[PDB]
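Shown below, as structure tokens, is a lone chain in the form deposited without Vaborbactam; questions about how it binds or moves come after it.
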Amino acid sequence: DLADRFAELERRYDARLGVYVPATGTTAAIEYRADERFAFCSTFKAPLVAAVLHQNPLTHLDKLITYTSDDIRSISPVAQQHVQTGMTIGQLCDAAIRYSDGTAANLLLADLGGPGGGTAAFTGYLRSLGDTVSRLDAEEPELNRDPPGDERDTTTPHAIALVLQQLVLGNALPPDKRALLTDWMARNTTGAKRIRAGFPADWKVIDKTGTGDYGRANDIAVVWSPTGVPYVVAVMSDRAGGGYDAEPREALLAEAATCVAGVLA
């Protein structure tokens, strides 16, 4: 009866909702509009950090990057306080995930190199993980701002869930680098009212949120049951009916996550 309950959520919040939870050896996939395109918004920052980790030695994390106040585009809770000092690649990764720092993301994109200030390289990385669907076309903040229906800067709940699965539970990264991404997601500061709010306290939740115009609110997570069984959960939403200024609704995500948690228990 989950399709009906998700539909009820959509009507309640005047929203479009997308949900994907991959199948496991003991559970069926949960899917709702799982193959429809949604804007990444900040959820791209998790695989962006993976791409940076993948393409460089650990010692790269200690490279200091310098930038100016004019490079700050974009909600950047950490970068805003370190113009004078600069930030290391590792500090940028930490900020991009845990504070969803947009300047940190733009700098990591630049670090990947190549056309589109790194967006092509980022998209190439996803392709290397078997994701033929997702695309990144702009940097921060423009990537949050494409109109509904625009294919630019989009993924699908299905595609991003399969990517996150490989990054955290699979072998996309070696154990030491995998641990770094996992730790940063585990200590995320921006997700308390989203997937975390839908799972009981005895479940571990690591996540990366995304927020944008047209009422966009996303969250991608790996969760572990009270006995240690992992699931990947991707929830994406927008409220295009309210136009550019529509307010994102975190409760929609918490409610969808609650539905998911009840099935997985």
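The first residue of the sequence shown is number 1, and the count goes up from there.
Beyond what is shown, the protein has a form deposited with Vaborbactam bound; the following relates to that form.
Proximity of residue 41 to Vaborbactam in the deposited bound form: non-hydrogen atoms within 4.5 Å are present.
Within this chain, residue 211 lines the site of Vaborbactam in the deposited bound form, having a heavy atom no more than 4.5 Å away. Remark: residue 140 counts among the residues lining Vaborbactam in the deposited bound form, judged by a heavy atom distance of 4.5 Å or less. Using a 4.5 Å cutoff between non-hydrogen atoms, residue 144 counts as a contact of Vaborbactam in the deposited bound form. Listed stretches are 24 to 32, 56 to 64, 233 to 241, 201 to 209; the contact stretch with Vaborbactam in the deposited bound form is 201 to 209, by a heavy atom cutoff of 4.5 Å.
Among the residues 88, 182, 165, 190, the one placing a heavy atom within 4.5 Å of Vaborbactam in the deposited bound form is 190. Shown without its partner, this chain lists 110, 186, 83, 75 as candidates; in the deposited bound form, only 75 has a non-hydrogen atom within 4.5 angstroms of Vaborbactam. Contact check at 4.5 Å (heavy atoms) against Vaborbactam in the deposited bound form: all three of 45, 100 and 194 pass.
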